[PDB]
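One structure below.
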Amino acid sequence: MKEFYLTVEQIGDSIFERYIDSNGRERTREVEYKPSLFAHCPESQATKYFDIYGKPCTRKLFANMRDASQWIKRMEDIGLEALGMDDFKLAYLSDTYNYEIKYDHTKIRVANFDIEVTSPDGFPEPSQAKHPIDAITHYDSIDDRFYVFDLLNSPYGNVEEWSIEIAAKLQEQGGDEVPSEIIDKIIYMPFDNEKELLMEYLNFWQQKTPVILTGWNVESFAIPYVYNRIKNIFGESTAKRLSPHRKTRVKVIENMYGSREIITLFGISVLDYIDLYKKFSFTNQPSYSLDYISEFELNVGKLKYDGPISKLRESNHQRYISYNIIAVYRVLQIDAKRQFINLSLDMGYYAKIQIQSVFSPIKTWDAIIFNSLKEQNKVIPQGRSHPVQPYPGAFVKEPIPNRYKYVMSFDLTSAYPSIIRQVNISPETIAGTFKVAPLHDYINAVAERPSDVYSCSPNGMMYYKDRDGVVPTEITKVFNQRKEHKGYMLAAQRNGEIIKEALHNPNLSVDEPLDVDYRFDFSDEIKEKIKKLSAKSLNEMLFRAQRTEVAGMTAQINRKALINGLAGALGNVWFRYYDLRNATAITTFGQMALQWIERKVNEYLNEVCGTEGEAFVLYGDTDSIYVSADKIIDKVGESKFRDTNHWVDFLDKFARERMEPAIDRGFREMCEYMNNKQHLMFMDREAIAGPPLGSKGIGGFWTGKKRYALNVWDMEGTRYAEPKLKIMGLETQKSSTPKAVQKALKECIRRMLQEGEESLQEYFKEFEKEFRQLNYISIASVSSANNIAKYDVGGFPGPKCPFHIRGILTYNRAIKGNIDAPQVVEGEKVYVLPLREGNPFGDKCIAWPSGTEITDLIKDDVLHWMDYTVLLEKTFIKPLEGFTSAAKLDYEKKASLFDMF
DNA sequence: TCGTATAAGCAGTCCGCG
DNA sequence: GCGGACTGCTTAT
Ligand SMILES: Nc1ncnc2c1ncn2[C@H]1C[C@H](O)[C@@H](COP(=O)(O)OP(=O)(O)OP(=O)(O)O)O1
Ligand SMILES: [Ca+2]
Ligand SMILES: [Ca+2]
Ligand SMILES: [Ca+2]
Ligand SMILES: [Ca+2]
Ligand SMILES: [Ca+2]
């Protein structure tokens, strides 16, 4: 096999590299790598190295890496550009793996671990590590085993061995219900004392050294705790054995308000799963506890125990150890579904970076562009300092708040990357500028043609047409990857809808799910067999289809995120290719493209409707248009349609055969107007929306910019078995809205769009009547809590104190003195409830850590004093009033003359 | 919340508004 | 009461 790196580090003048050799074995080596950097040289000096602008460069080979670094410093002192890749390990990788990397994940040791630490005095601080580590479960991907290190004797209690038999048993048998599929994979090791546990762990670690290290909060908790605990007991040298090169750094992570410390382990790639999830999941969650995320992702129940976690080991060590094991398994189960590790390896090897750098699109793109340019003997520019400057972004149309019955939406495929490719926007493709007219002059095609030579953006920039820039070239490669995976995702989704339809008529037989590839549209033969399957087989097939779709989504959406991140990076001062001329060239072209096509679509439809000056485009945001289709439906007449699916087909056909060709012609004209390199504005139909045929449903509504709801029948070619709501911006979509309130608001919207005013009125009346019975957590608001200390004046709210922060201070007074009560962590999320007048807490609200039950000594009081009236008005009634007034209907039945009877 | 971008919504505090 | 200035938070793209 072809070799591939596992990890790479610079330590002084040495590169330390772990890698897989040509025989598939893991090796480590130290290489005294001699980097090269570049300086501009005279024309007369014959060379093969040129900067991105075509100026000649001489290569400077250094005796070692420190010499290269010192040289850069001296070039700054002289005031001359020092060109080349200044991150020497990236240059090393580029030299050592000069080809597209093929990797074999089965040879990469992925370690998933979790530790337990009993603490009788609050949260066990990793930087102090003053409490014994009493459990470690460490899953190894190569062995496919869970290694369990269990402390039987502690100053906090001596316990019996954990029992695998009891662990396997049902909760109803008094067991822990450790999944049977992992029971045979557990290797249990009990220890008489902590010193031996930790020494054995380190010896084990040496034998099975993680390449990728992950788990839940491992970077912020498990790793620093293990490091500092070993350090305290044995000393520094022993703790450094967690690094295969025996090198570690305390690394300070700074944000806006305060900073935290982590331990960098040289030669390990730490991908904390909480961070993987936050970057790649595209969720915003009320809580990020593993229990909360596992429930969300996997639909598994809460890991239940009685009493505090600080007493769980002594009261029920059996359960304590089982839950540690299950906690490790939960992360593996999340990864089996979401496939974020697979994603990270894919992108990391593609860019030729340390795998952990996938968290940084700037580093990712710096490496991609460097490797690309190097292939042509081109030399990258030096990074420069820039002040942070604001710059303009997208255009958003102000909608008229209203109901909108029939709607067709269109938007650009990969808008910003497509603009980059069309205009040829790149550091080295800048050809000059032209004299800019007001944007509206280009939108209405009255401005002078910008250039007859170069490709233009309406911000004034001109670009070469003779060759693609490196940014267009490299963005296209990742875009094509994105396109392939989205194809699989959409196929799996359409396949899912086939199975849902068949589930209306399941067969009465015992059979098996079909062995199929869900990434491809089911053949007629598969469809026929599906129609003869049992519900059990169909449901299992549905689950598999949905898992395929999830895998597709992960692969496609994060590749989309990467390419959109390159457009974004052009406007970040730390990017090597930061340039507000290019950043604004993209965003300004985008504004033009939207409003240009708005005009063209309005013109086209007014033509087929024989009208003048009527606005068919009701809304647009960045790269999208929403077209009122009422007149299209009304030209055929609702009575001519057999059912809902019939008019959906008709609008589908109209969008595809009439609108899209008109859109394409309009953009082709715009391309010529701007003299662009290549027409790549592809605005395909997204949604076909409307009420069910013959219902009183309103179809859709807008309340304002970025706030709307649509009843969708077909989304990007997926024809649903059941209509699906597309809701954007409204409170149903906000993590801050109470869970039960999101649910009720969604049902109000569903009723509005599908059934109409009366149905909405019936539901509202019932919700108002019953809601006080809802669990307090389900009706708590959620907020991130920043700057708790800033607004804390003697335990009371300072001036301008935010409502949620007030809630926290209330909580802090009510739990004061308790070392055992959960503390609210700065920067994390809290549940927030309002409090009735004259409550014992002495303020109008209370907040506590999100994803948790509020501590028992104030729970009963919080429940007694909960202000349901304020809660209902603020979270439910206010938003609903917004929805209904926009839609021009009433959530409460108005009096009429009929009441006289 | 270490980690690409801008536009823009709503909640809440403070305080004016005769 | 509402709205503007402002802070805080959270979305859509
Ligand atoms: N997270 C982001 N960071 C930077 N720019 C973004 C982000 N999200 C959206 N944009 C910008 C770039 C996008 O091309 C443009 C339109 O967004 P959107 O329609 O969601 O995706 P897209 O047009 O890139 O892909 P798709 O093909 O899925 O529509 O808005
Ligand atoms: Ca735990
Ligand atoms: Ca788009
Ligand atoms: Ca599309
Ligand atoms: Ca059937
Ligand atoms: Ca869009």
Side-chain angles (χ1 to χ4, degrees), chain A residues 219-220 251-262 271-272 274-276 278-280 282-284 286 288 356-366 388-398 411-412 414-416 560-575 577-578 580 582-584 586-588 590-591 594 619-624 703-708 726-737 781-787 790-791 797-807 825-830 832 844-845 874-875 878-879 882:
Chain A
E219 193 177 72
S220 61
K251 211 245 271 203
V252 56
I253 304 294
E254 300 181 352
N255 54 46
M256 213 142 58
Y257 321 102
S259 70
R260 58 188 186 87
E261 293 179 333
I262 71 172
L271 310 174
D272 195 330
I274 195 165
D275 295 323
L276 290 178
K278 286 180 187 174
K279 178 177 176 60
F280 299 134
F282 289 80
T283 63
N284 195 7
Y288 287 90
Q356 69 270 33
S357 288
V358 301
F359 286 115
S360 170
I362 283 168
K363 183 60 86 169
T364 302
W365 281 115
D366 198 42
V388 174
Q389 285 191 298
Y391 69 96
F395 173 79
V396 186
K397 184 183 171 64
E398 190 77 71
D411 74 275
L412 295 167
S414 191
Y416 279 17
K560 155 182 173 174
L562 183 62
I563 54 175
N564 289 346
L566 178 54
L570 293 171
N572 177 287
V573 303
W574 304 100
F575 195 38
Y577 311 102
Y578 169 82
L580 291 190
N582 290 344
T584 57
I586 299 161
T587 67
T588 311
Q591 291 210 7
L594 184 43
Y619 184 66
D621 181 343
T622 308
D623 72 330
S624 70
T703 85
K705 290 183 187 184
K706 294 177 198 290
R707 285 183 66 88
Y708 63 92
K726 178 180 141 118
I727 308 167
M728 303 311 299
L730 307 185
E731 281 72 13
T732 56
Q733 311 309 106
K734 296 178 78 70
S735 66
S736 50
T737 298
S781 292
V782 175
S783 188
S784 296
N786 301 302
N787 284 305
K790 171 183 273 186
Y791 294 99
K800 299 179 180 67
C801 179
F803 187 88
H804 58 287
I805 302 302
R806 179 178 295 267
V825 182
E826 168 75 10
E828 287 185 37
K829 291 183 182 186
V830 292
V832 188
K844 62 178 176 175
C845 59
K874 274 155 54 156
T875 66
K878 260 263 189 183

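In what follows, chains carry the letters A, B, and so on, assigned in the order in which the sequence lines appear, proteins first and then strands, with residues in each chain numbered from 1. Below, all heavy atoms of this structure are taken into account, side chains as well, without hydrogens, waters or symmetry copies.
- Taking only distance into account, the side chain of A:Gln356 never meets the base of B:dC2 through a donor-acceptor pair shorter than 3.5 Å.
- Across C:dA12, B:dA11, C:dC9, the shortest atom-to-atom separation from the side chain of A:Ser783 is found for C:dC9.
- Across all strands, A:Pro879 comes closer than 4.0 Å to no nucleic acid atom at all (heavy-atom distances).
- Among the atoms of the strands shown, only primed sugar atoms or phosphate atoms (P, OP1, OP2) are found under 4.0 Å from some heavy atom of A:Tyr791.
- In this structure, of C:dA12, B:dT13, B:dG12, it is B:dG12 that holds the atom nearest to the side chain of A:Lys874.
- Residues A:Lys800 and A:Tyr791 have side chains that never bring a donor and an acceptor to within less than 3.5 angstrom of each other.
- As judged by a 4.0 angstrom heavy-atom cut-off over every strand, A:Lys278 is placed among residues making no nucleic acid contact.
- Counting heavy atoms from C-beta on, the side chains of A:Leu566 and A:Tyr577 never come closer than 4.5 Å.
- Checking C:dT10, B:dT13, B:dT4 against every side-chain atom of A:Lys844, the shortest atom distance belongs to B:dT13.
- Between A:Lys790 atom NZ and C:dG8 atom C1' there is a gap of 11 Å when expressed in whole angstrom units.
- Contact annotation: the side chain of A:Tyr416 never approaches that of A:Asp623 to less than 4.5 Å [non-hydrogen atoms, C-beta and beyond].
- Using a 4.0 Å heavy-atom distance criterion, A:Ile253 is classed as a base contact.
- You'll find the side chain of A:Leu730 stays beyond 4.5 Å of the side chain of A:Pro879, heavy atoms only.
- Nucleic acid contact for A:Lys560: none, since no nucleic acid atom lies under 4.0 Å from a heavy atom of the residue.
- Out of C:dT11, B:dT4, B:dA11, the shortest distance to the side chain of A:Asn572 is found at B:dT4.
- Atom CZ in A:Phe575 sits about 14 Å away from atom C1' in B:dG3, given to the nearest Å.
- Between A:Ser781 and A:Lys874 there is no side-chain heavy-atom pair separated by less than 4.5 Å.
- With B:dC2, B:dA7, C:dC9 as the candidates, the nucleotide lying closest to the side chain of A:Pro392 is B:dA7.
- In this entry the distance linking CE of A:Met728 with P of C:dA12 reads 4 Å, nearest Å.
- Ring-base stacking between A:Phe803 and B:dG12 is not satisfied when judged by a centre separation under 5.5 Å and a plane angle under 30°.
- Closest to the side chain of A:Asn787, from the set C:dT10, B:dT13, C:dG8, is C:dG8.
- Closest-nucleotide positions on DNA chain B for A:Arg707 and A:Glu828 were compared, and the one nearer the 5' end corresponds to A:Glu828.
- Counting non-hydrogen atoms under 4.0 angstrom, A:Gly393 reaches the backbone sugars and phosphates but no base.
- For A:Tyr257, taking side-chain heavy atoms from C-beta onward, the closest of the listed nucleotides C:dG8, B:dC2, C:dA12 is C:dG8.
- We find that CZ of A:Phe280 is positioned 13 Å from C1' of B:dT4, with the value rounded to whole Å.
- A:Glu219 comes within contact range of at least one nucleobase, with a heavy-atom separation under 4.0 Å.
- The interatomic distance linking A:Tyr577 (OH) with B:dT4 (P) rounds to 16 Å, in whole Å.
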Quiz item: Hey, mind stepping through A:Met728 and A:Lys706 against side-chain contact (heavy atoms from CB on, under 4.5 Å) and telling me if it holds?
Solution: CA-CA 6 Å; A:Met728 303 311 299; A:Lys706 294 177 198 290; over 6 Å; no
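- Among the atoms of the strands shown, only primed sugar atoms or phosphate atoms (P, OP1, OP2) are found under 4.0 Å from some heavy atom of A:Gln733.
- When rounded to the nearest whole Å, the span between CD of A:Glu826 and P of C:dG8 equals 11 Å.
- An OP1 or OP2 oxygen of B:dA8 is reached within less than 4.0 angstrom by no side-chain nitrogen or oxygen of A:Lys734.
- Using a 4.5 Å cut-off on side-chain heavy atoms (C-beta onward), A:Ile805 and A:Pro797 make no contact.
- The P atoms of C:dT7 and B:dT4 are separated by 26 Å, rounded to the nearest whole Å.
- If you measure from atom CD1 of A:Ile805 to atom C1' of B:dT1, you get 13 Å, rounded to the nearest angstrom.
- Residue A:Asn284 is in sugar-phosphate contact alone, with no base atom involved, counting any heavy-atom pair closer than 4.0 Å across all strands shown.
- Remark: A:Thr622 is not in phosphate contact with C:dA12, judged by side-chain N or O atoms under 4.0 Å from OP1 or OP2.
- Across all strands, A:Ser357 comes closer than 4.0 Å to no nucleic acid atom at all (heavy-atom distances).
- Here A:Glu254 lies in heavy-atom contact (under 4.0 Å) with sugar-phosphate atoms only.
- In this structure the side chain of A:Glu826 reaches within 4.5 angstrom of the side chain of A:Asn786, judged on heavy atoms.
- Rounding to whole angstrom units, CG of residue A:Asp621 and P of B:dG9 are separated by 10 Å.
- At least one side-chain heavy atom of A:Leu271 sits under 4.5 Å from a side-chain heavy atom of A:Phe359.
- Sugar pucker of C:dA5 is south, as judged by a negative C1'-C2'-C3'-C4' dihedral.
- Nearest nucleotide to the A:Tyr391 side chain, out of B:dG9, B:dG3, B:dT6: B:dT6.
- Across all strands, A:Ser784 comes closer than 4.0 Å to base atoms (heavy-atom distances).
- For A:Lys705, a side-chain nitrogen or oxygen approaches OP1 or OP2 of B:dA8 to under 4.0 Å.
- Nearest nucleotide to the side chain of A:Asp275, out of B:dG3, B:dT4, C:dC9: B:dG3.
- Distances shown here put a side-chain N or O of A:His804 below 4.0 Å from the OP1 or OP2 atom of C:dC9.
- Nearest-nucleotide assignment on DNA chain B puts the 5′-proximal partner with A:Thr703, out of A:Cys801 and A:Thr703.
- Residue whose closest nucleotide on DNA chain C sits further toward the 5' end, between A:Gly729 and A:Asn786: A:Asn786.
- Here C:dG8 has a south sugar; its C1'-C2'-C3'-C4' angle has a minus sign.
- Closest to the side chain of A:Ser735, from the set B:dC10, C:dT11, C:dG8, is C:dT11.
- At a threshold of 4.0 angstrom between heavy atoms, the contacts of A:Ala394 are confined to the sugar-phosphate backbone, with no base atom among them.
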